[PDB]
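Below is one structure, written out as structure tokens, with a few remarks after it.
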Amino acid sequence: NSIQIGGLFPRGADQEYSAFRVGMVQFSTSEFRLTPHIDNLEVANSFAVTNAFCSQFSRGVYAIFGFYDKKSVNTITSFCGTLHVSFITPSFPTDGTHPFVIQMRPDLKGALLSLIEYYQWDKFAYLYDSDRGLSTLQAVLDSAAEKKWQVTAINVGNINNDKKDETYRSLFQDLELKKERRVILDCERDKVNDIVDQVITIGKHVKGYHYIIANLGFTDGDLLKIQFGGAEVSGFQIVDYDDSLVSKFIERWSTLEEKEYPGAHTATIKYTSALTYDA
Amino acid sequence: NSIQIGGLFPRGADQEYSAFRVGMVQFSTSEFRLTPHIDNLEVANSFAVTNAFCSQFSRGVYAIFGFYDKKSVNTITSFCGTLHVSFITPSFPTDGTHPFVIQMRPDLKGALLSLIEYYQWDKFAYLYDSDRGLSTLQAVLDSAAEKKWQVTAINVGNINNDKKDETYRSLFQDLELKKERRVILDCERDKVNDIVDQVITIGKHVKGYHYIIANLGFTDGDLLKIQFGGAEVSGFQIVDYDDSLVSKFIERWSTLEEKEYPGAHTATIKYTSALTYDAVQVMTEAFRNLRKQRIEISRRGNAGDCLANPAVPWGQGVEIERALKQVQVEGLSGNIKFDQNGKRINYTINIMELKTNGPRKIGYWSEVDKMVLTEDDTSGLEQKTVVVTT
Amino acid sequence: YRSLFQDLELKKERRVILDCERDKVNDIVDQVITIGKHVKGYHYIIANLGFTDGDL
């Protein structure tokens with residue numbers, strides 16, 4: 001039995017798509033089969049998202065799936081909320097409760113709170129990228145009342161790649177005036193990479209500083225570049241690799257040729273793709 | 001040569017629509033007379049927004065007008081950017097340089113930071129609703145970093161109205177944990193007045209507290225309710241009632257029956273409505289200039305459905321946007337001028353203080369001149385009886 | 001390398017004059033980066049004419 005469903009995907013999310021088809025293969029059943037309607041539109045154009053949404057609605061799909069921008073979240077909640085169409089999503093959790101919005105990404109902020117509670121920091125800078133939503137920051141501020149924290153949040157995402165350089169050195173130099181030893185980064189994998197790189201170049205990966213990477217990709221991140229700096233570093237993983245089902249997943253995940261499923265021929269996997277495959 | 005236009009007024013904004021009617025009256029002209037497609041739909045519902053939008057798009061209206069939620073900003077921005085359709089709003093400005101976007105609100109940010117610099121504060125609470133956006137928060141934090149400020153921001157706006165009383169008690173106690181004496185407020189006027197009433201009940205309207213109302217319409221609130229509590233209060237104002245043009249506007253304003261024009265029969269007015277009237281003047285005179293351009297643009301409902309794949313926008317409106325941006329004319333908020341980014345520019349925002357006799361100006365704020373104090377001291381009232389502890 | 005500089009740490013040396021060919025120069029520099037011992041308080045001298053030729 002064919003079962004039509006939506007399949008929105010941002011371009012450059014190839015790993016999640018490959019893993020998606022892997023999900024189609026692994027869990028296909030004799031009783032019925034899913035009928036994906038793949039769509040590779042950018043999430044930045046909410047209007048285009050509306051277009052694809054009406055398109056799959058024309059397809060009459062019983063479900064819709066894909067990533068969403070904070071720019072698009074209100075759109076998806078509005079439409080799926082209106083038409084009572086379900087929409088599973090890997091992306092960051094909604095700041096507001098909604099009907100028909102299943103969401104694959106666990107809330108992370110409370111663990112972050114407990115984490116700080118363990119490290120018992122009194123004061124620290126807190127960089128953030130807007131795109132995942134500022135709500136987490138709001139939370140850290142709330143505790144800052146209760147925990148008398150003197151956090152100094154600063155956005156980073158506005159910066160262009162073209163001048164993506166001196167702004168950093170000026171930034172950390174600004175951090176030096178407070179002589180900050182402790183920062184919890186909250187950025188995307190790529191931004192995580194560039195930031196870690198600049199930290200290397202300025203050499204603040206030395207012992208006496210500390211970092212916390214606020215995402216599930218803490219293992220996904222290439223921390224080898226800073227493993228030997230002596231500064232302590234800690235983060236999060238939603239997917240233990242020591243797990244039996246996980247290791248079994250790895251046994252074949254390496255096997256796939258990149259030509260069929262690019263980005264899949266690796267020892268590990270982005271947690272988001274894993275959320276897709278689970279979804 | 002009547003010109004079809006949009007009309008997206010959120011429910012309960014009667015004074016705004018009435019002001020819109022007054023705008024239709026004040027600038028009606030033989031060369032053309034505007035043809036509103038007025039609608040009353042929830043601003044929060046992006047779906048319905050898209051519905052009416054595509055409806056007027058089916059009308060192929062050459063211009064559109066209405067507000068937008070922060071939830072809906074991305075909507076209308078994405079539509080103006082995709083369909084190359086010009087639009088005007090009195091809502092709070094986008095954080096990005098979005099094409100085909102006109103906006104009546106000069107950013108209150110720089111004047112606010114300037115004000116903070118004027119009081120030379122170092123520690124303060126920052127209450128905020130989410131609804132106008134967190135841009136001011138990002139800004140105040142940004143300045144806070146360099147200035148070694150100790151921000152205490154809090155999201156008051158998510159609190160349920162069902163018990164919009166209980167939370168406040170713990171809330172101000174939270175301030176008392178640090179004994180904050182300095183509290184920026186960033187909410188819409190209703191929430192503002194409510195919270196102020198709570199300040200009354202907790203009695204923190206007493207002298208030695210200071211307050212800041214972050215809004216274009218500082219006079220709109222019920223300041224009289226706490227005029228004599230002794231706590232200092234001050235805020236920004238985009239609307240000078242003292243202006244003779246504004247004066248005459250009042251002369252026609254309060255006099256009108258509120259039945260035909262709800263929200264109009266008063267001595268006061270929302271800054272929003274003034275932005276509306278100003279938007280009417282701007283659009284109207286803009287097309288007046290189009291007539292000088294003689295660039296014919298008339299078309300039927302050629303636009304059809306908004307889901308054309310790909311949709312291909314007609315470029316005459318792209319020219320119309322250029323015609324709009326170049327407009328430079330006086331309004332209720334003083335001069336109106338646009339950058340090609342579509343933000344208002346080279347404007348002015350009068351500072352206001354709550355003197356015991358009543359609210360009062362002390363200066364004005366150009367974006368380029370920054371803060372500008374006015375001498376207006378009225379030769380000093382009194383020393384207000386100096387406290388002498390011992 | 002890490003063992004080597006760790007051995008240097010016992011003397012807490014702040015000052016070294018490297019004397020190597022440009023390739024091994026670049027490699028040793030990279031390792032110094034990875035161990036991070038190029039913060040203020042250290043110093044280096046590269047004993048060759050290629051001091052500009054190498055990346056710095």
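Convention: chains lettered A, B, ... in structure tokens order; per-chain residue numbering from 1; ligands numbered from 1 as shown.
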Query - chain A contacts on chain B, only C-alpha atoms, 7 Å, as a VMD selection string - result: chain B and resid 45 to 47 71 74 to 75 78 to 79 141 to 142 145 150 153 to 154 174 307
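Any residue of chain A with an atom within 6 Å of chain C counts; using only C-alpha atoms, that gives residues 203, 228 and 229 of chain A.
For residue 303 in chain B, the residues within 12 Å (counting only C-alpha atoms, excluding itself and residues fewer than 4 positions away along the chain) are residues 54, 55, 56, 57, 58, 59, 60, 61, 62, 83, 84, 85, 299, 307, 308, 311, 312, 313, 314, 315 and 317 of chain B.
On the backbone of this structure, DSSP gives helix (DSSP H, G or I) within chain C to residues 2, 3, 4, 5, 6, 7, 8, 9, 10, 22, 23, 24, 25, 26, 27, 28, 29, 30, 31, 32, 33, 34 and 35 of chain C.
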Report task. Would you list the contacts of range 59-63 of chain A as number ranges by chain, taking every protein, DNA or RNA residue within 12 Å and counting only C-alpha atoms, but skipping same-chain residues closer than 6 positions in sequence? Result -> A: 2-8, 34-38, 52-53, 80, 83-89, 100-102
Would you save the residues of that selection, restricted to N, CA and C atoms, as a PDB file, in the first residue's frame?
ATOM      1  N   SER A   2       0.697   2.067  -1.047  1.00  0.00           N
ATOM      2  CA  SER A   2       1.383   3.348  -1.131  1.00  0.00           C
ATOM      3  C   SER A   2       0.893   4.296  -0.043  1.00  0.00           C
ATOM      4  N   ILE A   3       1.814   5.061   0.534  1.00  0.00           N
ATOM      5  CA  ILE A   3       1.453   6.078   1.517  1.00  0.00           C
ATOM      6  C   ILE A   3       2.228   7.360   1.254  1.00  0.00           C
ATOM      7  N   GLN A   4       1.567   8.319   0.620  1.00  0.00           N
ATOM      8  CA  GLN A   4       2.202   9.581   0.277  1.00  0.00           C
ATOM      9  C   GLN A   4       2.519  10.416   1.510  1.00  0.00           C
ATOM     10  N   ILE A   5       3.713  11.004   1.518  1.00  0.00           N
ATOM     11  CA  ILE A   5       4.154  11.869   2.607  1.00  0.00           C
ATOM     12  C   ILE A   5       5.035  12.987   2.073  1.00  0.00           C
ATOM     13  N   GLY A   6       5.123  14.070   2.835  1.00  0.00           N
ATOM     14  CA  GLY A   6       5.957  15.194   2.459  1.00  0.00           C
ATOM     15  C   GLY A   6       7.424  14.894   2.679  1.00  0.00           C
ATOM     16  N   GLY A   7       8.287  15.671   2.036  1.00  0.00           N
ATOM     17  CA  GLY A   7       9.718  15.470   2.154  1.00  0.00           C
ATOM     18  C   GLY A   7      10.506  16.723   1.838  1.00  0.00           C
ATOM     19  N   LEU A   8      10.257  17.785   2.595  1.00  0.00           N
ATOM     20  CA  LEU A   8      11.047  19.003   2.472  1.00  0.00           C
ATOM     21  C   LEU A   8      12.460  18.781   2.976  1.00  0.00           C
ATOM     22  N   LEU A  34       5.719   3.607   2.005  1.00  0.00           N
ATOM     23  CA  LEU A  34       5.658   5.056   2.072  1.00  0.00           C
ATOM     24  C   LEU A  34       5.906   5.639   0.689  1.00  0.00           C
ATOM     25  N   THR A  35       5.369   6.826   0.440  1.00  0.00           N
ATOM     26  CA  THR A  35       5.511   7.448  -0.866  1.00  0.00           C
ATOM     27  C   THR A  35       6.022   8.873  -0.699  1.00  0.00           C
ATOM     28  N   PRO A  36       7.340   9.014  -0.512  1.00  0.00           N
ATOM     29  CA  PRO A  36       7.974  10.311  -0.277  1.00  0.00           C
ATOM     30  C   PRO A  36       7.818  11.259  -1.457  1.00  0.00           C
ATOM     31  N   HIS A  37       7.678  12.545  -1.155  1.00  0.00           N
ATOM     32  CA  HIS A  37       7.668  13.581  -2.177  1.00  0.00           C
ATOM     33  C   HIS A  37       8.784  14.576  -1.890  1.00  0.00           C
ATOM     34  N   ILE A  38       9.980  14.249  -2.365  1.00  0.00           N
ATOM     35  CA  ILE A  38      11.183  15.004  -2.041  1.00  0.00           C
ATOM     36  C   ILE A  38      11.158  16.430  -2.582  1.00  0.00           C
ATOM     37  N   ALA A  52       5.899  24.959  -1.572  1.00  0.00           N
ATOM     38  CA  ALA A  52       6.085  23.522  -1.482  1.00  0.00           C
ATOM     39  C   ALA A  52       5.005  22.909  -0.615  1.00  0.00           C
ATOM     40  N   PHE A  53       4.560  23.672   0.373  1.00  0.00           N
ATOM     41  CA  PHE A  53       3.562  23.179   1.300  1.00  0.00           C
ATOM     42  C   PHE A  53       2.236  23.004   0.578  1.00  0.00           C
ATOM     43  N   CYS A  80       0.219  24.167   9.223  1.00  0.00           N
ATOM     44  CA  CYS A  80      -0.046  22.829   9.718  1.00  0.00           C
ATOM     45  C   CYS A  80      -1.050  22.895  10.851  1.00  0.00           C
ATOM     46  N   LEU A  83      -4.574  23.481   8.845  1.00  0.00           N
ATOM     47  CA  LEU A  83      -5.122  22.400   8.042  1.00  0.00           C
ATOM     48  C   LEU A  83      -5.112  21.082   8.785  1.00  0.00           C
ATOM     49  N   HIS A  84      -4.602  21.113  10.011  1.00  0.00           N
ATOM     50  CA  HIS A  84      -4.491  19.915  10.831  1.00  0.00           C
ATOM     51  C   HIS A  84      -3.662  18.847  10.144  1.00  0.00           C
ATOM     52  N   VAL A  85      -2.613  19.282   9.460  1.00  0.00           N
ATOM     53  CA  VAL A  85      -1.654  18.363   8.880  1.00  0.00           C
ATOM     54  C   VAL A  85      -0.463  18.208   9.819  1.00  0.00           C
ATOM     55  N   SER A  86      -0.100  16.968  10.115  1.00  0.00           N
ATOM     56  CA  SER A  86       1.034  16.699  10.987  1.00  0.00           C
ATOM     57  C   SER A  86       2.357  17.032  10.306  1.00  0.00           C
ATOM     58  N   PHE A  87       3.344  17.444  11.097  1.00  0.00           N
ATOM     59  CA  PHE A  87       4.656  17.768  10.554  1.00  0.00           C
ATOM     60  C   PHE A  87       5.769  17.464  11.548  1.00  0.00           C
ATOM     61  N   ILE A  88       6.410  16.319  11.360  1.00  0.00           N
ATOM     62  CA  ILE A  88       7.551  15.925  12.167  1.00  0.00           C
ATOM     63  C   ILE A  88       8.752  16.780  11.787  1.00  0.00           C
ATOM     64  N   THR A  89       9.603  17.114  12.753  1.00  0.00           N
ATOM     65  CA  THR A  89      10.785  17.904  12.437  1.00  0.00           C
ATOM     66  C   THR A  89      11.984  17.688  13.363  1.00  0.00           C
ATOM     67  N   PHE A 100      -0.101  19.280  15.919  1.00  0.00           N
ATOM     68  CA  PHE A 100       0.496  18.740  14.699  1.00  0.00           C
ATOM     69  C   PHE A 100       1.937  19.177  14.488  1.00  0.00           C
ATOM     70  N   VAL A 101       2.683  19.323  15.574  1.00  0.00           N
ATOM     71  CA  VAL A 101       4.084  19.684  15.460  1.00  0.00           C
ATOM     72  C   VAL A 101       4.923  18.726  16.293  1.00  0.00           C
ATOM     73  N   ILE A 102       5.044  17.500  15.808  1.00  0.00           N
ATOM     74  CA  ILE A 102       5.979  16.571  16.403  1.00  0.00           C
ATOM     75  C   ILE A 102       7.374  17.090  16.112  1.00  0.00           C
TER      76      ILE A 102
END
**Report entry** Residue neighbourhood residue 12 in chain C, 12 Å, only C-alpha atoms, exclusion window fewer than 4 positions, as a PyMOL selection string
**Finding:** chain C and resi 5-8+16+37+41-42
C-alpha atoms of the current selection, written as a short mmCIF file (atom, residue, chain, number, x, y, z; two decimals), in the first residue's frame:
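Saved to selection-v9.cif:
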data_model
loop_
_atom_site.label_atom_id
_atom_site.label_comp_id
_atom_site.auth_asym_id
_atom_site.auth_seq_id
_atom_site.Cartn_x
_atom_site.Cartn_y
_atom_site.Cartn_z
CA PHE C 5 58.13 20.06 24.61
CA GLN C 6 56.81 18.42 27.74
CA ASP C 7 60.44 17.68 28.48
CA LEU C 8 61.13 21.34 27.86
CA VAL C 16 64.22 28.43 22.00
CA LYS C 37 52.91 27.07 23.37
CA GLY C 41 55.73 34.76 27.43
CA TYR C 42 57.37 32.47 24.90
#
**Report entry** Polymer residues at most 12 Å from residue 29 in chain C, only C-alpha atoms, same-chain spacing of 5 or more positions, as a ChimeraX atom specification
**Finding:** /C:1,5,18-24,34-38,44-46,54-56
Requested in this report: For residue 199 in chain A, work out the shell of residues within 10 Å, counting only C-alpha atoms and skipping chain neighbours fewer than 5 positions away, then give it as a PyMOL selection string.
Outcome: chain A and resi 168-169+172+193-194+204-206+226
Requested in this report: Provide the CA of residue 245 in chain B to CA of residue 26 in chain B distance in Å, to one decimal place.
Outcome: 12.7 Å
Strand (DSSP E or B) positions in range 84-304 of chain B, given as a CSV table (one decimal) with N, CA, C and O atoms, in the first residue's frame:
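Dumped everything to selection-v9.csv:
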chain,number,residue,atom,x,y,z
B,87,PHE,N,4.9,47.7,-0.2
B,87,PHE,CA,4.1,47.7,1.0
B,87,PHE,C,4.5,48.7,2.1
B,87,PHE,O,5.7,49.0,2.2
B,88,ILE,N,3.5,49.1,2.9
B,88,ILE,CA,3.8,50.1,3.9
B,88,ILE,C,3.2,49.6,5.2
B,88,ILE,O,2.1,49.2,5.3
B,89,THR,N,4.0,49.8,6.3
B,89,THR,CA,3.6,49.4,7.6
B,89,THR,C,3.9,50.4,8.7
B,89,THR,O,4.9,51.1,8.6
B,102,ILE,N,8.2,49.4,3.5
B,102,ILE,CA,8.1,50.8,4.0
B,102,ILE,C,7.6,50.7,5.4
B,102,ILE,O,6.7,50.0,5.7
B,103,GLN,N,8.2,51.5,6.3
B,103,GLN,CA,7.9,51.5,7.7
B,103,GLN,C,8.0,52.8,8.4
B,103,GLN,O,9.0,53.6,8.3
B,123,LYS,N,23.7,49.7,36.2
B,123,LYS,CA,22.9,48.5,36.6
B,123,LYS,C,21.5,48.8,36.3
B,123,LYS,O,21.0,49.9,36.7
B,124,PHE,N,20.8,47.9,35.7
B,124,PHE,CA,19.3,48.0,35.5
B,124,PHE,C,18.6,46.7,35.1
B,124,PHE,O,19.2,45.9,34.4
B,125,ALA,N,17.4,46.6,35.5
B,125,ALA,CA,16.5,45.6,35.0
B,125,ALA,C,15.9,46.0,33.7
B,125,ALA,O,15.8,47.2,33.3
B,126,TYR,N,15.5,45.0,32.9
B,126,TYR,CA,15.0,45.3,31.5
B,126,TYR,C,13.8,44.3,31.3
B,126,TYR,O,14.0,43.2,30.7
B,127,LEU,N,12.6,44.8,31.7
B,127,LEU,CA,11.5,44.0,31.4
B,127,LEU,C,11.1,44.1,29.9
B,127,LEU,O,11.2,45.2,29.4
B,128,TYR,N,10.6,43.0,29.4
B,128,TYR,CA,10.2,43.1,27.9
B,128,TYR,C,9.1,42.1,27.6
B,128,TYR,O,9.1,40.9,28.1
B,150,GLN,N,25.4,45.9,33.9
B,150,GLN,CA,24.9,44.7,34.5
B,150,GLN,C,23.4,44.5,34.2
B,150,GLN,O,22.6,44.9,35.0
B,151,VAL,N,23.1,44.0,33.0
B,151,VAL,CA,21.7,43.8,32.6
B,151,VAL,C,21.0,42.8,33.5
B,151,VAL,O,21.6,41.8,33.9
B,152,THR,N,19.7,43.1,33.7
B,152,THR,CA,18.8,42.1,34.3
B,152,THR,C,17.5,42.0,33.5
B,152,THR,O,16.5,42.5,33.9
B,153,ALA,N,17.6,41.5,32.3
B,153,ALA,CA,16.4,41.4,31.4
B,153,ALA,C,15.5,40.3,31.8
B,153,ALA,O,16.0,39.2,32.3
B,154,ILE,N,14.2,40.5,31.7
B,154,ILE,CA,13.2,39.4,32.0
B,154,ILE,C,12.0,39.4,31.0
B,154,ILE,O,11.5,40.5,30.6
B,155,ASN,N,11.6,38.2,30.6
B,155,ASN,CA,10.5,38.1,29.6
B,155,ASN,C,9.2,38.1,30.4
B,155,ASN,O,8.6,37.0,30.7
B,182,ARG,N,16.4,50.8,39.0
B,182,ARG,CA,16.4,51.3,37.6
B,182,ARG,C,15.9,50.2,36.7
B,182,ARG,O,16.5,49.2,36.5
B,183,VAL,N,14.7,50.5,36.1
B,183,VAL,CA,14.0,49.4,35.4
B,183,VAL,C,13.5,49.9,34.0
B,183,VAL,O,12.5,50.6,34.0
B,184,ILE,N,14.1,49.5,33.0
B,184,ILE,CA,13.6,49.8,31.6
B,184,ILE,C,12.4,48.9,31.4
B,184,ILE,O,12.4,47.7,31.7
B,185,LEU,N,11.3,49.5,30.8
B,185,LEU,CA,10.2,48.7,30.4
B,185,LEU,C,10.1,48.7,28.9
B,185,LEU,O,10.2,49.7,28.2
B,186,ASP,N,9.8,47.5,28.3
B,186,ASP,CA,9.6,47.4,26.9
B,186,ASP,C,8.4,46.5,26.6
B,186,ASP,O,8.5,45.3,26.2
B,206,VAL,N,7.1,54.8,44.8
B,206,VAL,CA,7.8,55.8,45.7
B,206,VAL,C,9.1,56.3,45.2
B,206,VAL,O,9.7,55.7,44.3
B,207,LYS,N,9.5,57.5,45.7
B,207,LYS,CA,10.6,58.2,45.2
B,207,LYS,C,11.9,57.5,45.3
B,207,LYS,O,12.1,56.7,46.3
B,209,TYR,N,13.1,55.4,42.9
B,209,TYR,CA,13.0,54.6,41.8
B,209,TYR,C,13.0,55.4,40.5
B,209,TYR,O,12.6,56.6,40.5
B,210,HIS,N,13.5,54.9,39.4
B,210,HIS,CA,13.5,55.6,38.2
B,210,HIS,C,12.9,54.7,37.1
B,210,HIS,O,13.0,53.5,37.2
B,211,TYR,N,12.3,55.2,36.1
B,211,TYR,CA,11.7,54.4,35.1
B,211,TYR,C,11.8,54.9,33.7
B,211,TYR,O,12.0,56.1,33.4
B,212,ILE,N,11.8,54.0,32.7
B,212,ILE,CA,11.9,54.3,31.3
B,212,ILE,C,10.9,53.5,30.5
B,212,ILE,O,10.8,52.3,30.5
B,213,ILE,N,10.0,54.3,29.8
B,213,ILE,CA,9.0,53.6,28.9
B,213,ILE,C,9.5,53.6,27.5
B,213,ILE,O,9.5,54.7,26.8
B,217,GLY,N,5.1,56.4,21.9
B,217,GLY,CA,4.0,57.1,22.4
B,217,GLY,C,4.0,57.2,23.9
B,217,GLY,O,3.2,56.5,24.6
B,230,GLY,N,6.4,60.1,43.2
B,230,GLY,CA,7.7,60.6,43.5
B,230,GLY,C,8.8,60.0,42.8
B,230,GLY,O,9.9,60.5,42.6
B,232,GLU,N,10.9,58.9,39.7
B,232,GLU,CA,11.1,59.6,38.4
B,232,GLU,C,10.7,58.7,37.3
B,232,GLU,O,10.9,57.5,37.3
B,233,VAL,N,10.1,59.3,36.3
B,233,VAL,CA,9.6,58.6,35.1
B,233,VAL,C,9.9,59.5,33.9
B,233,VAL,O,9.6,60.7,33.9
B,234,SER,N,10.3,58.9,32.8
B,234,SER,CA,10.6,59.6,31.5
B,234,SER,C,10.6,58.6,30.4
B,234,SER,O,10.8,57.4,30.5
B,235,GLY,N,10.3,59.2,29.2
B,235,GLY,CA,10.3,58.4,28.0
B,235,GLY,C,10.3,59.2,26.7
B,235,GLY,O,10.1,60.4,26.7
B,236,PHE,N,10.5,58.4,25.6
B,236,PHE,CA,10.6,59.1,24.3
B,236,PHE,C,9.2,59.4,23.7
B,236,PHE,O,8.3,58.7,23.9
B,237,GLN,N,9.2,60.4,22.8
B,237,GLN,CA,7.9,60.8,22.2
B,237,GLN,C,8.2,61.3,20.7
B,237,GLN,O,9.0,62.2,20.5
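Atom to atom, CA of residue 91 in chain A and CA of residue 254 in chain A stand 25.1 Å apart.
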Query raised in the report: For the atom pair CA of residue 15 in chain A and CA of residue 265 in chain A, what is the interatomic distance in Å to one decimal place?
Result: 9.9 Å
